[PDB]
There are 4 protein chains.
Amino acid sequence: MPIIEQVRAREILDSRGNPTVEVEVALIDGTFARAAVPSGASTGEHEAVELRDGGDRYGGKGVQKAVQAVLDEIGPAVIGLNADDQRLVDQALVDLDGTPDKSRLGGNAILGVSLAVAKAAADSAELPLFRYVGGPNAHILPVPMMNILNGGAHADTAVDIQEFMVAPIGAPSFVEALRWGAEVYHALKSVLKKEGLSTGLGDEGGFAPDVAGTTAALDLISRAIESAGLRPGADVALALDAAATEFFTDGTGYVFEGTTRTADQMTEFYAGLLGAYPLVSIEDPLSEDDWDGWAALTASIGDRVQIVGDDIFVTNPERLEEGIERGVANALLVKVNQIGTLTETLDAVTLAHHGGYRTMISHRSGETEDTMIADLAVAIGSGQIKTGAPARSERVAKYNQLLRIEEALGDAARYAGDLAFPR
Amino acid sequence: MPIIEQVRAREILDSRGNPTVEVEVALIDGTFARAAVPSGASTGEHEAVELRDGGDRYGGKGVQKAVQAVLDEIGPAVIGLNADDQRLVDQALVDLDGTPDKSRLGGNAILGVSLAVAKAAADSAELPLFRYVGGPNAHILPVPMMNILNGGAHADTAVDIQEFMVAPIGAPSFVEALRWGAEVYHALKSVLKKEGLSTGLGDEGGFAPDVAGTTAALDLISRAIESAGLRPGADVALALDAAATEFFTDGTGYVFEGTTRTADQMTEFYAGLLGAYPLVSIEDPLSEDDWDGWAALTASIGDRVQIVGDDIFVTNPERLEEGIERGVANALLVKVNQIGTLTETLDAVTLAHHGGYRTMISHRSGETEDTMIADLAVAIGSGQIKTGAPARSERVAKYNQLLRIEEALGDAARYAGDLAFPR
Amino acid sequence: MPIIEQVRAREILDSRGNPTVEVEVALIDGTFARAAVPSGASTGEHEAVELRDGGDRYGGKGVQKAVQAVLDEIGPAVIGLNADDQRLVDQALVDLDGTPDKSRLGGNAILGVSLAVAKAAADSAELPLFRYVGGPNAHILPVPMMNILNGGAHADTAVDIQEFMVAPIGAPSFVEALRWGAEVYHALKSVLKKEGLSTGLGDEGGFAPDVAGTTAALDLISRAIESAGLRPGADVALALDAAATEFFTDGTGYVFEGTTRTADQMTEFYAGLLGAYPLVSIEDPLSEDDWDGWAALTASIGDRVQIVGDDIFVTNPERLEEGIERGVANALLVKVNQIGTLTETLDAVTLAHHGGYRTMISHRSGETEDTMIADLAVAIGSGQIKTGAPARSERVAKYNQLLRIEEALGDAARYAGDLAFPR
Amino acid sequence: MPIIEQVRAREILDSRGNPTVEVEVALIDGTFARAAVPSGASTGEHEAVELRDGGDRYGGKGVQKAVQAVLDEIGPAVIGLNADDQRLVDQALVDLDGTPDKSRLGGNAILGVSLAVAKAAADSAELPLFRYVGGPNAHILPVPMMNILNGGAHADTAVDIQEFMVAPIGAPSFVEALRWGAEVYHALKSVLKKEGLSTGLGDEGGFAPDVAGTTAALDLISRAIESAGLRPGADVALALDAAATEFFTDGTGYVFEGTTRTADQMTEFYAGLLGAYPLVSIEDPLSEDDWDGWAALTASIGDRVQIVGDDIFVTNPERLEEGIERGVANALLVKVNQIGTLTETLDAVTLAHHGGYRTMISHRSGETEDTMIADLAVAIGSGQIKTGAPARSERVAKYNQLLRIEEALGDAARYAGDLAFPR
Ligand SMILES: [Mg+2]
Ligand SMILES: [Mg+2]
Ligand SMILES: [Mg+2]
Ligand SMILES: [Mg+2]
Ligand SMILES: [Mg+2]
Ligand SMILES: [Mg+2]
Ligand SMILES: [Mg+2]
Ligand SMILES: [Mg+2]
């Protein structure tokens, strides 16, 4: 039966060398699932809170407190519930915590137990995780948005756009899309090494060279796409993650490239970018509190390009409805550890689907060898995924799992190429 | 394993005394599921073709040919595939037929095998059918739209609105919604018996009295709602199924109550109805070819009420996209036997979800003791269902199955009342 | 029964974005294993060769040919053998190939099948992989040598030594050793900023600074160790990977720091290093063909430091015996894919144990999410491991698996700290 | 599961008619393994002591109270541990005893439980007892060293060496080595009968003739090897067990053959023997405490012959490290009941492997029908075994078990002939 019997937790290291929680759920017969909780560089004001130790051990980032919370409190609080009742167990956890941010028990411990329970339920049904979480109709493979060139808050560089991403929208299958992405990645590596720029990978596997500006970066990416043998826009498109909050001082304006601008001038810069390049999506173009500027930008360019809300929404339904009503950000970015449980994740992605918003399962800066977000991007049928460059196998494990998913589907699979970017 | 071993078929009677197909799929384990194929009265032409015998036996409606087709072709054509690969088996069937409307093998045989395969896959996973088809997040119980008063193409009467439906949107749970529906039904029965009107149930369990007109019918329904002890609009709302095609002569106009009117005057009549009554939804307000009039009506009153497309769309994605682009009919009506397979059903309901359209799992005129559309309306989370009045247990089996579903969910369940009719 | 039933391979991406092989050997019971084959940055003249595709697809590095080889020949050539007869299957493969380098079938396909059948002959007995491969006495956790600072043939800067490593030899347990390593890593990450340098991770997770020379690098590392809160030598030692072949022009001397030197001069440089720093191990100090210089260096400084043979031996027993005879390289470096199969690895490590040589299970430049070298370094009881810096979770997966191994052992485990570097 | 459930013990007779202990560890599954504890003719000053009854029953050698120690203390003290954790259970026993030589509970009541659990941690995994203890690479069949001619402390004779042994190093396989040993044995039996001597078997199956001097014994053995059809040195070597502690009066000297001699004289006697005969190994050449003479003898001839201590080390790691650092003897005998547990045995054999010492699993004077030392000599890959002459089926059971092992290996097996005696 799918009734929880044991809940264990241990402390491991994530892809960046910081501690994190690993939860192992054992069912009565022997079904034994294991899930590790990813982490993020920016805490925010609305996400769930990670319960860190604090002090001098591990630089104050130990998670012995969350491990102890799982081993003494959450364990018996879920031992005995029904695995296939995700909403039951997740409401149990959310009430056992009792706070609107889950900070008393930490979002990481709760998410670890939630995810391991979902994995054990999918293992029990003998379905594969994507089939369970998505049902019978889970057949779509997502377009990998590969962040190949890093800037902004990741390195000392003039550019302040965080992530520059390519998207192989013109590929016939998913495996060919992965091949094109890897080829563009190596072509860009060669192009960089040619101009005496640094080829030291950041935290996302993307490069961090000292480029002149955003336009020079996009032109370098276009050169790399051309050198691979493809056609920009018809085969490979471009995408941005601006993260304007990382350079927005409240009440003065967005200091961009040494020139203070209003929301209007940022929208003009974005319009120029969209004109001169085959951009298909921009993520967090303005700050997460400048709602009026966001509505202005959605009116201006919000039908020639996809507008992804990464920080303005925190995968919270309560902020998602408020952004739906005011006509902003016709796209969501689903990070599973910004909400704390799988159930609220599915609810927010449903709420964003029924509002005309595309979604995009995304990764964190500190990931692990867990490849669940691939299964989750296939199950919910998002048709987009953002899980880094084809390097640093914490990022490549996701692509490998998507390859295995496509092979397991077989003739049923469909690649969501160019059907995810109509504009 | 979920690999198909045997496929049988027999000929049974539906709720109206006409033959239909019953398919029994037996898996290797011992999982043995059966499913019967419903059949409606009105064929919208675009929908899949129902392969009948023709002749003198059973009035020319025998289905011995579909039974033979299942026993000689489809059986070995699916024996050996993987049950959980719904899209695999359904594409196998659709190619084995080879026609754009499945007329060579009939939509009924193909749908019977599809549904029995889905039932055996859900039984294999040991999940319940709604949990399988909907995943982990299948928790919403739909608002039952109970057709209590029949007119139009169902009896000799001055009214030409086909179905008059009530909807308990104000109930706290699903059980109380069913109770309120049954109480309104019996109150209306008493109100009818008082005025010496006929209490002979039609094909939907609804009554067929010789009332003056649409307004008199709605006033009688409001009297019945008041006599039950509830408040019209706050507790119970009203709904219409016009089926205008049943009185639309092409090139002349909608002959309503002996007066030929254009689309404009029909929209004015509908606006008057919406004003004087708490109508929340109208289904097929105009013909299925008067696209311009439909766009006009969607612009005029298509934000004060729900516009359900029953015939203008036939659960076909190719017509659904075309109706999406032209701004028409912000609601779909999902009939499983108008498309022929479960897979295309799920695809059309997905396509209508991501377009701002609410859906509504619906029944046919000739049903059976099969309660699959209840599980299907819970799984896809439509939040609405149309399965007749609480009588004629081919209609009540669905409500009973929804009660069992709610009991099995428990604390996780949520009634979709007042969240499915914002206007 | 542990008899092989199926063997199937697919093509995936490794940690560097290049293709590689992944084999999945199922057993007649249900045991289903999976092992991906690593590949290094640079190979030599004596190891087994990888069967790459060549051409334009994937930059000429596709492995579709090795996948096809597994699926047509290696598959049926082992289906039916006994899993626990590791010495049977590996000789079967080695004869089926027929060449001294496994060129006909590629070392990668052979190694994939070897490792996967080993992971199934350990999963069958329900033992854990380390307990199987090592027996009942497998209880020692190795000292992690963490490559934190990269140089030489990687960042093309003024440094020539390839890998600078730290080794927490003074820790009480393994988990504290991992903590100390991570803390030294994060301290160096800040010392770099405090000396105006870059924090771009290389291929091993180590940093790529533009520091003056070798001595400056060791001084920077010592500063980071002091800033972490530990004591150099008593808590944390140091290590080197000279990789002399990358700067040795045959017929002339080693070109170091811009000067041509003889073997004697390099030995004096290494002695000056051993002087002012707590170096415990140097790897490949001279080229893999300068045997006489190797004997000289072994007799000179082979009593005060460990001498690791990385290229002078390729995990080949036939070269290992010769290096044993002439008195060189008191330590071996075990890379599993430089010999092509598990059995030859076990034989070479046995041969190096019975000769007074310490061993060190090592990683390749392109790894995957496979964590077999952790189990293998616990099983053979090497007491040392070299698997990169605590970053880039293709490196951190090994440390996480070693943590799980220590937790599973419990009181039995012993950390081999300060018992692996007597000199 | 490998969790101990029941532990029993009874008192049986060994090969010499003295009582001994027989333990029967049972597992929860049904795994039921028994193991009898051997006992030597004479103990020393550092082994673990046997807990004899003392008194008049069985000549004071009863073990009725070591049988009781297992049924009242050790039983519940191990019932519940994990079989595959040899380190765990063996440390549990060693602490439950609490003495430096296991005297409180006897070194026979503990070793029985150790062995009978290991015979269930191998029976459970369905591996054979030799694959478990040695892993997957256990393939080497040892060179049988057959003691065919007894002298010294065994019979009233002018011979001073204890055991004269032959070793078929030139055989192609193990079965041919056993055949050659048996043929030499019968040839010697015929030569003895033909030269007017006695054929009374000692405690090892070897003969006890009344011959004069060592040289005459080696000449008899060489004549038997010649008469068998072989040639000394190329086919069959020779070996000695001086056991010189049995005639070393401390402070006076090695009185033998009517000459009191110092350690220096014995080295010349051994050198003369080594010259005139093809000796490959001498066991206990000088004494249990004459360390300086041992170092001298190791310097003198310790690279032209193997030096076995057996008594100078007692399979105790503590004395082994001292003998390593002083580098006295090139080899040791691994007697499992001189250390008390299986774990400490493996630890000492590992410690002596990594020091340049070859090992030799050996038997005791009083053995049983237990054939564990064969499985243990092939698992640790010692390449040598000393288990008596091919007679007295307590000694032949070991050879029969090695034959079964060689048959079960198949093509994987390798005979360690002439690779175990390079000198
Ligand atoms: Mg962020
Ligand atoms: Mg972002
Ligand atoms: Mg109809
Ligand atoms: Mg209708
Ligand atoms: Mg190399
Ligand atoms: Mg190296
Ligand atoms: Mg003795
Ligand atoms: Mg002896």
# chains A, B, ... in the order shown; residues from 1 in each chain; ligands from 1
call {"tool": "residues_near_ligand", "arguments": {"ligand": "ligand 5", "cutoff": "8 Å", "atoms": "only C-alpha atoms and all ligand atoms", "output": "NGL selection string"}}
result
:C and (40-44 or 243 or 310-311 or 364)
call {"tool": "interface_residues", "arguments": {"of": "chain D", "to": "chain C", "cutoff": "10 Å", "atoms": "only C-alpha atoms", "output": "PyMOL selection string"}}
result
chain D and resi 1+83-91+118+121-122+124-127+130-139+342-344+346-347+350+352-358+379-381+408-413
call {"tool": "closest_atom_pairs", "arguments": {"of": "chain D", "to": "ligand 7", "cutoff": "12 Å", "atoms": "only C-alpha atoms and all ligand atoms", "output": "Markdown table"}}
result
| residue | atom | partner | partner_atom_place_in_ligand_line | distance |
| --- | --- | --- | --- | --- |
| D:39 | CA | ligand 7 | 1 (Mg) | 9.8 |
| D:40 | CA | ligand 7 | 1 (Mg) | 6.2 |
| D:41 | CA | ligand 7 | 1 (Mg) | 5.7 |
| D:42 | CA | ligand 7 | 1 (Mg) | 3.8 |
| D:43 | CA | ligand 7 | 1 (Mg) | 5.0 |
| D:44 | CA | ligand 7 | 1 (Mg) | 6.7 |
| D:45 | CA | ligand 7 | 1 (Mg) | 10.4 |
| D:46 | CA | ligand 7 | 1 (Mg) | 11.7 |
| D:47 | CA | ligand 7 | 1 (Mg) | 10.5 |
| D:153 | CA | ligand 7 | 1 (Mg) | 9.9 |
| D:154 | CA | ligand 7 | 1 (Mg) | 11.2 |
| D:162 | CA | ligand 7 | 1 (Mg) | 10.7 |
| D:241 | CA | ligand 7 | 1 (Mg) | 11.4 |
| D:242 | CA | ligand 7 | 1 (Mg) | 11.8 |
| D:243 | CA | ligand 7 | 1 (Mg) | 8.4 |
| D:244 | CA | ligand 7 | 1 (Mg) | 11.0 |
| D:245 | CA | ligand 7 | 1 (Mg) | 9.3 |
| D:246 | CA | ligand 7 | 1 (Mg) | 8.5 |
| D:284 | CA | ligand 7 | 1 (Mg) | 10.8 |
| D:288 | CA | ligand 7 | 1 (Mg) | 11.2 |
| D:309 | CA | ligand 7 | 1 (Mg) | 11.9 |
| D:310 | CA | ligand 7 | 1 (Mg) | 9.1 |
| D:311 | CA | ligand 7 | 1 (Mg) | 7.9 |
| D:312 | CA | ligand 7 | 1 (Mg) | 11.5 |
| D:314 | CA | ligand 7 | 1 (Mg) | 10.4 |
| D:335 | CA | ligand 7 | 1 (Mg) | 10.9 |
| D:337 | CA | ligand 7 | 1 (Mg) | 11.9 |
| D:338 | CA | ligand 7 | 1 (Mg) | 10.2 |
| D:363 | CA | ligand 7 | 1 (Mg) | 11.1 |
| D:364 | CA | ligand 7 | 1 (Mg) | 8.5 |
| D:365 | CA | ligand 7 | 1 (Mg) | 8.5 |
| D:366 | CA | ligand 7 | 1 (Mg) | 11.1 |
call {"tool": "residues_around", "arguments": {"residues": "range 319-334 of chain C", "least_positions_apart": "5", "cutoff": "10 Å", "atoms": "only C-alpha atoms", "output": "JSON, numbers by chain"}}
result
{"C": [46, 281, 282, 283, 284, 285, 291, 292, 293, 294, 295, 296, 297, 298, 299, 302, 303, 305, 306, 307, 308, 309, 310, 311, 312, 313, 314, 339, 345, 346, 348, 349, 351, 352, 353, 355, 356, 357, 358, 359, 360, 361, 362, 363, 373, 377, 382, 384, 385, 386]}
call {"tool": "write_last_selection", "arguments": {"atoms": "N, CA and C atoms", "output": "short mmCIF file (atom, residue, chain, number, x, y, z; two decimals), in the first residue's frame"}}
result
data_model
loop_
_atom_site.label_atom_id
_atom_site.label_comp_id
_atom_site.auth_asym_id
_atom_site.auth_seq_id
_atom_site.Cartn_x
_atom_site.Cartn_y
_atom_site.Cartn_z
N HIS C 46 49.03 4.33 -24.11
CA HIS C 46 48.91 2.94 -23.67
C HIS C 46 47.54 2.52 -23.15
N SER C 281 52.09 14.62 -1.24
CA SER C 281 51.99 13.79 -2.43
C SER C 281 52.16 14.66 -3.66
N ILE C 282 52.95 14.18 -4.61
CA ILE C 282 53.11 14.80 -5.91
C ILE C 282 52.82 13.75 -6.97
N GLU C 283 52.07 14.14 -8.00
CA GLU C 283 51.57 13.21 -9.00
C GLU C 283 52.21 13.53 -10.34
N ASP C 284 52.77 12.51 -10.98
CA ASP C 284 53.50 12.65 -12.24
C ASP C 284 54.50 13.80 -12.16
N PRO C 285 55.58 13.65 -11.40
CA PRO C 285 56.54 14.76 -11.28
C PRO C 285 57.38 14.93 -12.53
N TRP C 291 62.33 7.41 -17.61
CA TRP C 291 62.42 6.42 -16.54
C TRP C 291 63.63 6.65 -15.63
N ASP C 292 64.78 6.98 -16.21
CA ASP C 292 65.98 7.16 -15.39
C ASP C 292 65.82 8.34 -14.43
N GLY C 293 65.30 9.46 -14.93
CA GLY C 293 65.00 10.57 -14.04
C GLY C 293 63.97 10.21 -12.99
N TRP C 294 63.01 9.36 -13.34
CA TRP C 294 62.03 8.91 -12.36
C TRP C 294 62.69 8.11 -11.25
N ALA C 295 63.62 7.22 -11.60
CA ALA C 295 64.33 6.45 -10.58
C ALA C 295 65.18 7.36 -9.72
N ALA C 296 65.81 8.36 -10.33
CA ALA C 296 66.60 9.33 -9.58
C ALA C 296 65.74 10.08 -8.58
N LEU C 297 64.60 10.61 -9.04
CA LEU C 297 63.72 11.36 -8.15
C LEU C 297 63.13 10.47 -7.06
N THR C 298 62.83 9.21 -7.38
CA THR C 298 62.31 8.30 -6.36
C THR C 298 63.36 8.03 -5.29
N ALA C 299 64.61 7.80 -5.69
CA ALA C 299 65.65 7.57 -4.70
C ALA C 299 65.99 8.84 -3.93
N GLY C 302 62.01 10.12 -2.37
CA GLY C 302 60.97 9.13 -2.26
C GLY C 302 60.76 8.60 -0.87
N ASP C 303 61.49 9.15 0.10
CA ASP C 303 61.33 8.79 1.50
C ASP C 303 60.56 9.83 2.29
N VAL C 305 57.90 11.88 0.76
CA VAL C 305 56.68 12.31 0.07
C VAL C 305 56.20 11.15 -0.79
N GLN C 306 54.92 11.16 -1.12
CA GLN C 306 54.33 10.13 -1.97
C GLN C 306 54.55 10.47 -3.44
N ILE C 307 54.82 9.45 -4.25
CA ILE C 307 55.06 9.62 -5.68
C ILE C 307 53.97 8.87 -6.43
N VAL C 308 53.09 9.61 -7.10
CA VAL C 308 51.93 9.03 -7.78
C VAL C 308 52.21 8.94 -9.27
N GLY C 309 52.06 7.75 -9.83
CA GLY C 309 52.19 7.54 -11.26
C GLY C 309 50.88 7.61 -12.02
N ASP C 310 50.60 8.74 -12.67
CA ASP C 310 49.34 8.92 -13.39
C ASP C 310 49.48 8.53 -14.86
N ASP C 311 50.52 9.03 -15.54
CA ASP C 311 50.74 8.71 -16.94
C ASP C 311 51.84 7.68 -17.16
N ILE C 312 52.87 7.67 -16.32
CA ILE C 312 53.93 6.67 -16.47
C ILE C 312 53.35 5.27 -16.34
N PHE C 313 52.24 5.13 -15.62
CA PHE C 313 51.44 3.92 -15.64
C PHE C 313 50.05 4.33 -16.10
N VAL C 314 49.34 3.43 -16.76
CA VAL C 314 48.00 3.75 -17.23
C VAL C 314 47.02 2.76 -16.63
N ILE C 339 41.88 1.27 -18.39
CA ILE C 339 42.14 -0.15 -18.62
C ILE C 339 40.97 -0.88 -19.25
N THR C 345 41.26 -3.52 -13.49
CA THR C 345 41.47 -2.54 -12.43
C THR C 345 41.76 -3.22 -11.10
N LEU C 346 40.96 -4.22 -10.75
CA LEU C 346 41.17 -4.94 -9.49
C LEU C 346 42.54 -5.62 -9.48
N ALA C 348 45.25 -4.74 -11.19
CA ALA C 348 46.33 -3.76 -11.10
C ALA C 348 46.43 -3.19 -9.69
N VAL C 349 45.30 -2.96 -9.02
CA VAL C 349 45.39 -2.42 -7.67
C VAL C 349 45.92 -3.47 -6.70
N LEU C 351 48.15 -5.81 -7.59
CA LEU C 351 49.58 -5.85 -7.90
C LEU C 351 50.31 -4.66 -7.29
N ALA C 352 49.67 -3.50 -7.23
CA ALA C 352 50.33 -2.34 -6.64
C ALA C 352 50.27 -2.37 -5.12
N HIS C 353 49.29 -3.05 -4.54
CA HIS C 353 49.26 -3.20 -3.09
C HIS C 353 50.39 -4.10 -2.63
N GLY C 355 53.14 -4.54 -3.71
CA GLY C 355 54.46 -4.01 -4.00
C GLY C 355 54.89 -2.83 -3.15
N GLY C 356 54.14 -2.49 -2.10
CA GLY C 356 54.49 -1.34 -1.29
C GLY C 356 53.98 -0.03 -1.82
N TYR C 357 53.04 -0.05 -2.76
CA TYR C 357 52.52 1.15 -3.39
C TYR C 357 51.13 1.46 -2.85
N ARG C 358 50.94 2.69 -2.38
CA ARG C 358 49.60 3.17 -2.10
C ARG C 358 48.87 3.45 -3.41
N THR C 359 47.55 3.35 -3.37
CA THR C 359 46.74 3.65 -4.55
C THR C 359 45.82 4.83 -4.27
N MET C 360 45.15 5.30 -5.32
CA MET C 360 44.29 6.47 -5.21
C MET C 360 43.27 6.40 -6.33
N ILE C 361 42.03 6.02 -6.00
CA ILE C 361 40.97 6.04 -6.99
C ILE C 361 40.76 7.47 -7.46
N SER C 362 40.74 7.66 -8.78
CA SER C 362 40.70 8.99 -9.35
C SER C 362 39.55 9.11 -10.33
N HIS C 363 39.27 10.35 -10.70
CA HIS C 363 38.18 10.73 -11.58
C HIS C 363 38.74 11.13 -12.94
N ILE C 373 32.96 5.43 -8.33
CA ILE C 373 34.33 5.47 -7.83
C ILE C 373 34.37 5.66 -6.32
N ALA C 377 36.46 3.13 -4.12
CA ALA C 377 37.52 3.54 -3.22
C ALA C 377 37.28 3.08 -1.80
N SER C 382 41.44 1.87 -0.46
CA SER C 382 42.62 2.62 -0.87
C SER C 382 43.04 3.64 0.18
N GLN C 384 42.56 6.75 -0.03
CA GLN C 384 42.70 8.03 -0.68
C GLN C 384 41.72 8.09 -1.84
N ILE C 385 41.26 9.29 -2.16
CA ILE C 385 40.43 9.50 -3.33
C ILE C 385 40.69 10.90 -3.85
N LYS C 386 40.59 11.05 -5.16
CA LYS C 386 40.79 12.33 -5.85
C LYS C 386 39.58 12.52 -6.75
#
call {"tool": "select_by_dssp", "arguments": {"residues": "range 2-141 of chain A", "states": "strand (DSSP E or B)", "output": "PyMOL selection string"}}
result
chain A and resi 3-13+19-27+32-36+39+82+140-141
call {"tool": "atom_distance", "arguments": {"atom1": "CA of residue 188 in chain C", "atom2": "CA of residue 225 in chain C"}}
result
7.9 Å
call {"tool": "atom_distance", "arguments": {"atom1": "CA of residue 120 in chain B", "atom2": "CA of residue 204 in chain B"}}
result
29.4 Å
call {"tool": "closest_residue", "arguments": {"among": "C:152, C:317, C:202, C:340", "to": "ligand 6", "atoms": "only C-alpha atoms and all ligand atoms"}}
result
C:152
call {"tool": "select_by_dssp", "arguments": {"residues": "range 261-300 of chain C", "states": "alpha helix (DSSP H)", "output": "ChimeraX atom specification"}}
result
/C:263-276,291-300
call {"tool": "residues_around", "arguments": {"residues": "range 57-68 of chain B", "least_positions_apart": "2", "cutoff": "9 Å", "atoms": "only C-alpha atoms", "output": "ChimeraX atom specification"}}
result
/B:8-11,18-23,50-55,70-73,105-106,108-109
call {"tool": "write_last_selection", "arguments": {"atoms": "C-alpha atoms", "output": "PDB file, in the first residue's frame"}}
result
ATOM      1  CA  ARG B   8     -14.151  -8.798 -26.293  1.00  0.00           C
ATOM      2  CA  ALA B   9     -17.310  -7.020 -27.376  1.00  0.00           C
ATOM      3  CA  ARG B  10     -21.034  -7.651 -27.034  1.00  0.00           C
ATOM      4  CA  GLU B  11     -24.236  -5.832 -27.955  1.00  0.00           C
ATOM      5  CA  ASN B  18     -31.409   1.021 -28.689  1.00  0.00           C
ATOM      6  CA  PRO B  19     -28.418  -1.299 -29.131  1.00  0.00           C
ATOM      7  CA  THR B  20     -24.883  -0.241 -28.298  1.00  0.00           C
ATOM      8  CA  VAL B  21     -21.422  -1.749 -27.933  1.00  0.00           C
ATOM      9  CA  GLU B  22     -19.870  -3.021 -24.704  1.00  0.00           C
ATOM     10  CA  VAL B  23     -16.135  -3.740 -24.739  1.00  0.00           C
ATOM     11  CA  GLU B  50     -21.403   5.675 -35.491  1.00  0.00           C
ATOM     12  CA  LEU B  51     -21.361   2.377 -37.397  1.00  0.00           C
ATOM     13  CA  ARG B  52     -24.903   0.962 -37.334  1.00  0.00           C
ATOM     14  CA  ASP B  53     -26.148  -2.210 -39.006  1.00  0.00           C
ATOM     15  CA  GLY B  54     -29.136  -0.925 -40.959  1.00  0.00           C
ATOM     16  CA  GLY B  55     -32.084  -3.040 -42.068  1.00  0.00           C
ATOM     17  CA  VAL B  70     -13.835  -5.265 -32.486  1.00  0.00           C
ATOM     18  CA  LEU B  71     -13.659  -9.055 -32.412  1.00  0.00           C
ATOM     19  CA  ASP B  72     -11.793  -9.440 -35.730  1.00  0.00           C
ATOM     20  CA  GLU B  73      -9.607  -6.342 -36.286  1.00  0.00           C
ATOM     21  CA  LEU B 105     -14.662   1.108 -38.006  1.00  0.00           C
ATOM     22  CA  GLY B 106     -17.137   3.456 -36.334  1.00  0.00           C
ATOM     23  CA  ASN B 108     -18.305   3.628 -31.068  1.00  0.00           C
ATOM     24  CA  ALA B 109     -16.030   0.583 -31.344  1.00  0.00           C
TER      25      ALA B 109
END
call {"tool": "residues_around", "arguments": {"residues": "residue 116 in chain A", "least_positions_apart": "4", "cutoff": "7 Å", "atoms": "only C-alpha atoms", "output": "NGL selection string"}}
result
:A and (23-25 or 33-35 or 112 or 120)
call {"tool": "residues_around", "arguments": {"residues": "range 93-95 of chain A", "least_positions_apart": "5", "cutoff": "8 Å", "atoms": "only C-alpha atoms", "output": "PyMOL selection string"}}
result
chain A and resi 74+77-78+102+110
call {"tool": "residues_around", "arguments": {"residues": "residue 189 in chain D", "least_positions_apart": "3", "cutoff": "10 Å", "atoms": "only C-alpha atoms", "output": "mmCIF file with C-alpha atoms, in the first residue's frame"}}
result
data_model
loop_
_atom_site.group_PDB
_atom_site.id
_atom_site.type_symbol
_atom_site.label_atom_id
_atom_site.label_comp_id
_atom_site.auth_asym_id
_atom_site.auth_seq_id
_atom_site.Cartn_x
_atom_site.Cartn_y
_atom_site.Cartn_z
ATOM 1 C CA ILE D 148 54.374 -35.720 4.490
ATOM 2 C CA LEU D 149 57.156 -36.389 7.022
ATOM 3 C CA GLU D 183 51.627 -39.559 -5.644
ATOM 4 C CA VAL D 184 54.646 -38.267 -3.720
ATOM 5 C CA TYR D 185 52.878 -39.279 -0.499
ATOM 6 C CA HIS D 186 52.356 -42.865 -1.637
ATOM 7 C CA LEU D 192 59.643 -46.070 4.045
ATOM 8 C CA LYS D 193 58.168 -49.573 3.980
ATOM 9 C CA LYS D 194 60.960 -50.807 1.683
ATOM 10 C CA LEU D 197 60.697 -48.186 8.862
ATOM 11 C CA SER D 198 57.304 -47.365 10.323
ATOM 12 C CA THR D 199 54.165 -45.975 8.684
ATOM 13 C CA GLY D 206 52.547 -37.244 7.813
ATOM 14 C CA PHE D 207 54.796 -40.146 8.668
ATOM 15 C CA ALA D 224 60.266 -40.236 -2.996
#
call {"tool": "atom_distance", "arguments": {"atom1": "CA of residue 396 in chain B", "atom2": "CA of residue 146 in chain B"}}
result
10.6 Å
call {"tool": "closest_residue", "arguments": {"among": "C:233, C:2, C:181, C:383", "to": "residue 274 in chain C", "atoms": "only C-alpha atoms"}}
result
C:233
